[PDB]
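**Q** Here you go, one structure.
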Amino acid sequence: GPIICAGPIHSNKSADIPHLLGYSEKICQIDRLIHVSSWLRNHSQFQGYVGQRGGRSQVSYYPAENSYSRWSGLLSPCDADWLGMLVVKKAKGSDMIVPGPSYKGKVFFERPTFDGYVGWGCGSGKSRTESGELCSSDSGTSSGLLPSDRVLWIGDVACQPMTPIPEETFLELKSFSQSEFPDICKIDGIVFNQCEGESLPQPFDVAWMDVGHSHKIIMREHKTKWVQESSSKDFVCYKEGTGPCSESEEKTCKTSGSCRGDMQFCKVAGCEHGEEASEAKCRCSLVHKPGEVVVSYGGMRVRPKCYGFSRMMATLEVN
Amino acid sequence: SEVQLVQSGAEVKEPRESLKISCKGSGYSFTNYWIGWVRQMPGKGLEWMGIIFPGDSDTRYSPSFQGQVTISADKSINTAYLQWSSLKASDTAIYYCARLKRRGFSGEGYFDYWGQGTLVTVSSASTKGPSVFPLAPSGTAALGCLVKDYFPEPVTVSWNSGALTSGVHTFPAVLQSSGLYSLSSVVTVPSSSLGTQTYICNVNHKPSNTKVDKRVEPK
Amino acid sequence: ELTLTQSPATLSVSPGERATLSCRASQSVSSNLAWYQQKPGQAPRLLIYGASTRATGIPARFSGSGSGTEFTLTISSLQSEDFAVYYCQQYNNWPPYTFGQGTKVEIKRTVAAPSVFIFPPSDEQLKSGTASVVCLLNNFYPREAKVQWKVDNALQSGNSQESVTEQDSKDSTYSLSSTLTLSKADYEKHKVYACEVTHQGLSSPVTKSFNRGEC
Ligand SMILES: *[C@@H]1O[C@H](CO)[C@@H](O[C@@H]2O[C@H](CO)[C@@H](O[C@H]3O[C@H](CO)[C@@H](O)[C@H](O)[C@@H]3O)[C@H](O)[C@H]2NC(C)=O)[C@H](O)[C@H]1NC(C)=O
Ligand SMILES: *[C@@H]1O[C@H](CO)[C@@H](O[C@@H]2O[C@H](CO)[C@@H](O)[C@H](O)[C@H]2NC(C)=O)[C@H](O)[C@H]1NC(C)=O
């Protein structure tokens with residue numbers, strides 16, 4: 001289900017996509033896949049929208065049995081991009097498309113890579129071939145009001161506001177990863193260990209975290225703990241049936257203790273209920289997720305920007 | 001063990017037919033508590049019909065139902081009953097049984113545990129599959145399907161074989177005076193898709209083993 | 001000589017707020033008053049007996065008060081499962097077990113005007129010998145709406161039926177269909193078929209119409 005807003009029923013492909021300043025306003029655009037729509041328009045000159053009727057909850061995932069997608073409040077890379085936390089960059093010819101997903105008919109797909117996040121788009125009237133390598137014309141996409149299953153998010157991924165770590169901690173994490181995967185040479189074309197002879201690039205499923213430096217920390221043995229911290233971004237503010245509150249309304253609810261709220265919002269930021277002369281006022285409620293994830297790895301505890309399990313392309317040592 | 005009242009299943013009868021529905025009590029001393037029956041006509045409130053004390057089969061009826069129904073009990077099988085000699089169309093309703101809890105000499109008791117209810121449908125019609133008619137269109141537009149003259153409930157309605165679910169309203173069936181049901185299912189669509197998108201409503205009536213796919217087109 | 005009057009018939013209230021429902025007996029029933037809850041699609045269940053005693057396993061946010069003729073059911077902070085119908089019941093005087101007519105507790109939202117559409121009968125239905133004209137009111141709030149059929153300006157009664165959805169899970173609105181049914185012969189002796197809709201969200205009534213056999 002959605003964080004705030006049920007799936008869009010757009011009426012035309014030409015409607016503009018406004019920039020919205022409020023957090024809950026942004027969340028509602030995310031619920032409606034307006035951010036992926038905006039990405040496609042910027043980068044592929046796509047016309048219109050993805051997510052018609054279905055919204056974010058009906059996106060396709062690889063693998064399809066996807067743990068974090070069950071929690072509407074966990075952010076995907078595209079979600080985090082819209083919130084300014086990272087950038088899903090337009091794919092270049094050198095970015096490798098992983099085998100496994102069902103690419104045929106897709107209009108957008110995205111995967112984490114070793115050093116970032118990459119998206120592949122299609123222009124108006126086109127969709128992806130079975131291999132994902134090319135866009136071909138597809139009469140099923142002519143309306144420009146496309147369903148959510150045309151959007152493919154690769155990986156079991158959760159993004160979250162990060163607690164930055166110093167370079168010294170990154171370099172010790174990085175050395176621990178190297179010691180855990182001594183046979184890997186490159187990942188997604190990025191040197192991981194020094195090698196001479198190497199395999200061809202191969203699909204590689206791995207746990208990883210993005211800790212905000214030059215590349216991800218990939219992990220074999222690691223521990224995670226989820227704790228609900230009830231920070232201000234863990235709540236959204238809306239009115240029943242009518243969508244997100246404005247930026248200034250949201251700021252009032254999350255600073256003054258004077259708005260309606262669910263129990264956890266009352267418990268943390270304060271709430272006031274009843275009475276009113278007329279019209280329902282703003283309410284804030286807890287976003288549905290396990291909380292904030294802390295990763296134990298190599299003797300360190302880190303609150304990463306993103307954490308996930310997903311497929312990348314790796315070469316292996318040959319000797 | 002907790003108190004449970006389990007009623008018999010839904011009934012479909014013709015006018016002037018007889019009908020006996022049942023309510024089986026478990027988890028308590030059956031002979032020692034009144035059992036009541038409560039009628040709920042479609043879209044209306046609750047009306048008390050009568051009570052029976054299974055210990056000695058003493059009965060009390062509301063004046064509204066006295067002489068119209070008979071309430072009985074069989075304590076050998078912990079079951080209470082409600083029955084009609086000759087049903088009318090206006091007996092279509094949900095019927096609940098409920099156990100009466102008495103506390104003292106001042107009042108008459110309240111209903112502390114309820115059965116799940118028995119739907120009774122009275123129509124002179126026999127099993128019949130629906131006719132499906134387009135609601136032709138007509139920013140956004142509305143289109144739909146009129147699913148008319150079927151019996152009994154239920155029909156199921158989907159759009160584009162289930163690919164289209166958001167923005168659909170399938171209204172509750174109405175039991176017409178002909179004894180047949182009718183409903184409409186409508187959906188909101190972009191006007192610009194009228195003529196480029198195909199909209200088909202799939203209507204399935206299991207009691208008549210009928211499936212109908214109806215394409216809904218402009219003009 | 002014994003009525004139970006519940007007010008209001010529909011209580012529109014926001015999640016987390018306190019709700020107060022009242023029951024007035026036309027004559028004293030002491031404390032012998034019970035409250036029942038009926039959730040959508042479910043059987044009623046006891047909430048309160050003896051005017052103020054909460055039944056076993058009922059959440060603590062439900063309380064009842066009163067004695068004599070004026071009774072209250074209070075829900076201290078409404079949860080999503082509390083939007084339901086509530087019935088009061090008298091068990092003091094014969095004929096006992098008088099039920100109130102019910103108070104529906106529904107989700108409050110800003111007024112939303114219906115989008116109104118009219119649908120003429122299909123050729124396929126006309127060739128079956130009957131004609132159904134459908135008027136659709138989509139996604140409005142509150143529930144109260146007036147739909148009147150005019151057949152060349154003559155107001156119709158007795159040949160129409162309405163059907164309404166439940167309050168929608170996501171946007172908390174209602175939708176409504178009104179179906180006018182005529183014989184084919186009756187359909188064909190009139191020209192103008194019109195649906196006229198009155199609703200709080202509309203500054204003035206809205207009429208949707210067509211002419212038999214023209215577009
Ligand atoms: C598709 O292109 C859009 C145009 O570049 C881009 O929108 C731009 O997004 C940025 C980042 O969110 C906004 O940046 C600034 O907005 C306000 C001022 O209005 C500042 O207070 C913020 O701090 C922020 O710096 C731009 O306003 C916005 N521009 C427009 C014209 O909308 C989209 O982000 C692109 N889509 C994707 C998926 O990247
Ligand atoms: C495409 O759809 C949008 C959204 O409905 C239209 O924008 C609305 O237009 C109506 C008038 O037709 C205005 O009253 C609304 O205020 C507009 N809403 C917004 C959010 O802008 C848009 O006009 C449509 N485009 C075309 C070409 O019809």
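Ligands are numbered from 1 in the order shown, residues from 1 within each chain, and chains are lettered A, B, ... in the order they appear in the structure tokens.
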Which parts of segment 30-203 of chain B does DSSP call strand (DSSP E) when run on the backbone here, written out as a PyMOL selection string?
**A** chain B and resi 35-40+47-53+58-61+70-74+79-84+93-101+110-114+118-122+131-135+140-150+156-159+168-170+174-175+181-190+200-203
**Q** Collect all residues with atoms no farther than 8 Å from ligand 1, counting only C-alpha atoms and all ligand atoms, and output them as a list in words.
**A**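 Within the 8 Å cut-off, the matching residues are residues 17, 18, 19, 20, 21, 35, 36, 37, 38, 39, 40, 41, 42, 43, 78, 81, 82, 83, 84, 87 and 88 of chain A.
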**Q** What are the residues of chain A lining chain C at 8 Å or less? Count only C-alpha atoms, and put the answer as a PDB file with C-alpha atoms, in the first residue's frame.
**A**
ATOM      1  CA  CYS A   5      -1.313   8.727  -1.807  1.00  0.00           C
ATOM      2  CA  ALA A   6      -3.162   6.081  -3.814  1.00  0.00           C
ATOM      3  CA  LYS A 239      -5.481  15.002   5.682  1.00  0.00           C
ATOM      4  CA  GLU A 240      -7.755  11.991   5.219  1.00  0.00           C
ATOM      5  CA  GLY A 241      -8.680  11.396   1.590  1.00  0.00           C
ATOM      6  CA  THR A 242      -7.065  14.615   0.318  1.00  0.00           C
ATOM      7  CA  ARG A 260      -3.474  15.395  15.086  1.00  0.00           C
ATOM      8  CA  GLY A 261      -1.357  12.261  15.006  1.00  0.00           C
ATOM      9  CA  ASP A 262      -1.172   8.539  15.512  1.00  0.00           C
ATOM     10  CA  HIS A 273      -7.151  16.304  19.164  1.00  0.00           C
ATOM     11  CA  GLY A 274     -10.509  18.058  19.090  1.00  0.00           C
ATOM     12  CA  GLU A 279     -12.750  20.945   8.463  1.00  0.00           C
ATOM     13  CA  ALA A 280     -10.329  18.220   9.448  1.00  0.00           C
TER      14      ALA A 280
END
**Q** Taking only C-alpha atoms and all ligand atoms into account, report as a PyMOL selection string which residues have an atom no farther than 12 Å from an atom of ligand 2.
**A** (chain A and resi 8-18+48-49+145) or (chain B and resi 139-141+190-192)
**Q** Considering only C-alpha atoms, can you say which of B:188, B:57, B:26, B:210 comes closest to residue 137 of chain B?
**A** B:188
**Q** Among chain C, which residues carry a DSSP assignment of alpha helix (DSSP H), reported as a ChimeraX atom specification?
**A** /C:123-126,184-187
**Q** Which residues are close to residue 48 of chain B, i.e. within 7 Å by only C-alpha atoms, leaving aside same-chain residues fewer than 2 positions away? Reply as a PyMOL selection string.
**A** (chain B and resi 37-39+46+50+62) or (chain C and resi 97)
**Q** Just need the residues of chain B within 8 Å of chain C, counting only C-alpha atoms, so spit them out as a ChimeraX atom specification.
**A** /B:45-48,62,96,106-117,133-138,142,169-174,184
**Q** Could you please take those selected residues and save N, CA, C and O atoms as a tab-separated table (two decimals), in the first residue's frame?
**A**
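part-v7.tsv, freshly written:
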chain	number	residue	atom	x	y	z
B	45	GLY	N	-31.93	-1.38	10.13
B	45	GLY	CA	-31.43	-1.67	11.46
B	45	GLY	C	-31.86	-3.05	11.94
B	45	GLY	O	-32.22	-3.93	11.16
B	46	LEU	N	-31.83	-3.22	13.26
B	46	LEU	CA	-32.13	-4.50	13.89
B	46	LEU	C	-33.54	-4.49	14.49
B	46	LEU	O	-33.98	-3.47	15.02
B	47	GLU	N	-34.22	-5.62	14.39
B	47	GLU	CA	-35.56	-5.80	14.95
B	47	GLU	C	-35.59	-7.12	15.70
B	47	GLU	O	-35.36	-8.18	15.11
B	48	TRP	N	-35.93	-7.06	16.98
B	48	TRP	CA	-36.08	-8.29	17.74
B	48	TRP	C	-37.35	-9.01	17.31
B	48	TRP	O	-38.42	-8.40	17.21
B	62	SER	N	-42.10	-10.83	19.62
B	62	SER	CA	-42.48	-9.45	19.43
B	62	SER	C	-43.88	-9.40	18.82
B	62	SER	O	-44.23	-10.24	17.97
B	96	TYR	N	-30.18	-13.15	12.58
B	96	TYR	CA	-29.20	-13.50	13.61
B	96	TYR	C	-29.89	-14.22	14.75
B	96	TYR	O	-30.99	-13.83	15.17
B	106	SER	N	-34.57	-7.04	37.69
B	106	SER	CA	-35.02	-5.71	37.27
B	106	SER	C	-35.31	-5.58	35.78
B	106	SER	O	-36.25	-4.88	35.38
B	107	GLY	N	-34.51	-6.21	34.92
B	107	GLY	CA	-34.74	-6.05	33.50
B	107	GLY	C	-34.99	-7.38	32.80
B	107	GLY	O	-35.26	-8.38	33.46
B	108	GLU	N	-34.87	-7.40	31.47
B	108	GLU	CA	-35.17	-8.58	30.67
B	108	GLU	C	-33.95	-9.20	29.98
B	108	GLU	O	-34.13	-10.08	29.14
B	109	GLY	N	-32.74	-8.76	30.28
B	109	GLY	CA	-31.56	-9.33	29.67
B	109	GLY	C	-31.14	-8.65	28.36
B	109	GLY	O	-31.92	-7.99	27.69
B	110	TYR	N	-29.87	-8.84	28.00
B	110	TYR	CA	-29.29	-8.29	26.78
B	110	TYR	C	-28.64	-9.44	26.02
B	110	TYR	O	-28.44	-10.53	26.56
B	111	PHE	N	-28.29	-9.22	24.75
B	111	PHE	CA	-27.77	-10.30	23.92
B	111	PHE	C	-26.25	-10.32	23.96
B	111	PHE	O	-25.60	-9.46	23.36
B	112	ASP	N	-25.68	-11.31	24.65
B	112	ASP	CA	-24.24	-11.24	24.90
B	112	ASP	C	-23.39	-11.94	23.84
B	112	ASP	O	-22.23	-11.57	23.66
B	113	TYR	N	-23.93	-12.92	23.13
B	113	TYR	CA	-23.19	-13.61	22.08
B	113	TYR	C	-24.11	-13.81	20.90
B	113	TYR	O	-25.28	-14.18	21.08
B	114	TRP	N	-23.59	-13.59	19.70
B	114	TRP	CA	-24.38	-13.55	18.47
B	114	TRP	C	-23.90	-14.61	17.50
B	114	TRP	O	-22.69	-14.86	17.40
B	115	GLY	N	-24.83	-15.23	16.76
B	115	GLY	CA	-24.45	-16.05	15.63
B	115	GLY	C	-23.93	-15.20	14.48
B	115	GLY	O	-23.97	-13.97	14.51
B	116	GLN	N	-23.43	-15.86	13.43
B	116	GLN	CA	-22.85	-15.11	12.32
B	116	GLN	C	-23.89	-14.61	11.32
B	116	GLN	O	-23.55	-13.84	10.42
B	117	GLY	N	-25.15	-15.01	11.48
B	117	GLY	CA	-26.22	-14.53	10.62
B	117	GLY	C	-26.46	-15.49	9.46
B	117	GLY	O	-25.56	-16.17	8.98
B	133	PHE	N	-24.74	-5.03	-20.61
B	133	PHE	CA	-24.96	-3.93	-21.52
B	133	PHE	C	-23.91	-2.85	-21.31
B	133	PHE	O	-23.53	-2.57	-20.16
B	134	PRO	N	-23.43	-2.23	-22.37
B	134	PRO	CA	-22.40	-1.20	-22.22
B	134	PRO	C	-22.98	0.10	-21.69
B	134	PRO	O	-24.07	0.52	-22.07
B	135	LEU	N	-22.24	0.73	-20.78
B	135	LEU	CA	-22.48	2.12	-20.39
B	135	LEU	C	-21.44	2.93	-21.16
B	135	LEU	O	-20.30	3.09	-20.73
B	136	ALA	N	-21.85	3.43	-22.32
B	136	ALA	CA	-20.92	3.97	-23.31
B	136	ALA	C	-20.50	5.39	-22.93
B	136	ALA	O	-21.34	6.22	-22.58
B	137	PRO	N	-19.21	5.69	-23.02
B	137	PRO	CA	-18.76	7.07	-22.80
B	137	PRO	C	-19.12	7.95	-23.99
B	137	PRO	O	-18.98	7.54	-25.14
B	138	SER	N	-19.66	9.14	-23.72
B	138	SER	CA	-20.27	9.58	-22.47
B	138	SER	C	-21.07	10.83	-22.80
B	138	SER	O	-20.57	11.73	-23.49
B	142	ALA	N	-16.13	8.58	-17.92
B	142	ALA	CA	-16.65	7.42	-17.21
B	142	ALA	C	-17.26	6.47	-18.22
B	142	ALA	O	-17.92	6.91	-19.17
B	169	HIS	N	-15.61	1.28	-9.72
B	169	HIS	CA	-16.68	1.14	-8.74
B	169	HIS	C	-17.67	0.11	-9.25
B	169	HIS	O	-18.29	0.31	-10.30
B	170	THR	N	-17.80	-1.00	-8.54
B	170	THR	CA	-18.81	-2.01	-8.83
B	170	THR	C	-19.84	-1.91	-7.72
B	170	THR	O	-19.54	-2.20	-6.55
B	171	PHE	N	-21.04	-1.48	-8.07
B	171	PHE	CA	-22.03	-1.13	-7.06
B	171	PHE	C	-22.69	-2.37	-6.50
B	171	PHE	O	-22.70	-3.42	-7.14
B	172	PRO	N	-23.23	-2.28	-5.28
B	172	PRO	CA	-23.97	-3.42	-4.72
B	172	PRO	C	-25.17	-3.75	-5.59
B	172	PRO	O	-25.88	-2.85	-6.06
B	173	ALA	N	-25.38	-5.04	-5.81
B	173	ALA	CA	-26.56	-5.49	-6.54
B	173	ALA	C	-27.83	-5.07	-5.82
B	173	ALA	O	-27.90	-5.01	-4.59
B	174	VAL	N	-28.86	-4.77	-6.61
B	174	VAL	CA	-30.20	-4.51	-6.10
B	174	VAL	C	-31.10	-5.65	-6.55
B	174	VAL	O	-31.05	-6.06	-7.72
B	184	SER	N	-24.38	-2.15	-11.72
B	184	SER	CA	-23.49	-1.51	-12.68
B	184	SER	C	-22.07	-1.52	-12.12
B	184	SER	O	-21.86	-1.49	-10.91
**Q** Between B:167, B:87, B:7, B:124, which residue has the minimum interatomic distance to chain A, considering only C-alpha atoms?
**A**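 Ranking B:167, B:87, B:7, B:124 by distance to chain A, first place goes to B:167.
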**Q** Check the smallest atom-to-atom distance from each of A:60, A:143, A:102, A:137 to chain B using only C-alpha atoms, then report the winner.
**A** A:143
**Q** Which residue, A:57, A:67, A:142, A:124, has the smallest gap to chain B when you use only C-alpha atoms?
**A**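 Between A:57, A:67, A:142, A:124, the residue approaching chain B most closely is A:142.
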**Q** Could you give me, as a PDB file with N, CA, C and O atoms, in the first residue's frame, the residues within 6 Å of residue 24 of chain B, counting only C-alpha atoms and dropping anything in the same chain fewer than 4 positions from it?
**A**
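Below you can see part.pdb, which holds the result:
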ATOM      1  N   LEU B   5     -22.291 -19.553  18.792  1.00  0.00           N
ATOM      2  CA  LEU B   5     -23.544 -19.825  18.094  1.00  0.00           C
ATOM      3  C   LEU B   5     -23.242 -19.890  16.604  1.00  0.00           C
ATOM      4  O   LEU B   5     -22.763 -18.912  16.025  1.00  0.00           O
ATOM      5  N   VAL B   6     -23.499 -21.043  15.994  1.00  0.00           N
ATOM      6  CA  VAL B   6     -23.232 -21.274  14.582  1.00  0.00           C
ATOM      7  C   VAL B   6     -24.566 -21.471  13.879  1.00  0.00           C
ATOM      8  O   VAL B   6     -25.315 -22.405  14.198  1.00  0.00           O
ATOM      9  N   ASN B  78     -28.684 -29.156  21.144  1.00  0.00           N
ATOM     10  CA  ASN B  78     -28.227 -27.792  21.419  1.00  0.00           C
ATOM     11  C   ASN B  78     -28.525 -26.840  20.268  1.00  0.00           C
ATOM     12  O   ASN B  78     -27.708 -25.985  19.916  1.00  0.00           O
ATOM     13  N   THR B  79     -29.699 -26.981  19.662  1.00  0.00           N
ATOM     14  CA  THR B  79     -30.019 -26.168  18.497  1.00  0.00           C
ATOM     15  C   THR B  79     -31.347 -25.448  18.686  1.00  0.00           C
ATOM     16  O   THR B  79     -32.333 -26.037  19.142  1.00  0.00           O
TER      17      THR B  79
END
**Q** If you count only C-alpha atoms, which residues fall within 7 Å of residue 196 of chain C, apart from same-chain ones fewer than 5 positions away, as a list in words?
**A**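 Answer for this query is residues 147, 148, 149, 205, 206, 207 and 208 of chain C.
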**Q** Measuring atom to atom with only C-alpha atoms, identify which of B:54, B:9, B:104, B:195 is nearest to chain A.
**A**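 Once distances to chain A are computed over only C-alpha atoms, the minimum belongs to B:195.
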**Q** What gap, in Å, lies between atom CA of residue 164 of chain B and atom CA of residue 51 of chain A?
**A**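 If I compute the distance from atom CA of residue 164 of chain B to atom CA of residue 51 of chain A, I get 12.5 Å.
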**Q** Excluding residue 178 of chain B and residues on its chain fewer than 3 positions from it, collect all residues at most 12 Å away from it, counting only C-alpha atoms, and give them as a PyMOL selection string.
**A** chain B and resi 89+122-126+148-151+174-175+181-182
**Q** So that I can see what lies close to residue 23 of chain C, please list as JSON, numbers by chain the residues with an atom at most 7 Å from it, counting only C-alpha atoms and leaving out residues fewer than 6 positions away in the same chain.
**A** {"C": [4, 5, 6, 7, 70, 71, 72, 88]}
**Q** Suppose you want the space between atom CA of residue 55 of chain A and atom CA of residue 187 of chain B; what is it in Å?
**A**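 These two atoms are separated by 17.2 Å.
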**Q** Of the candidates A:93, A:101, A:22, A:212, which shows the shortest atom-to-atom distance to residue 160 of chain A, using only C-alpha atoms?
**A**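 Closest to residue 160 of chain A, using only C-alpha atoms: A:212.
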**Q** Just how far from atom CA of residue 20 of chain B is atom CA of residue 35 of chain B, in Å to one decimal?
**A** 15.7 Å
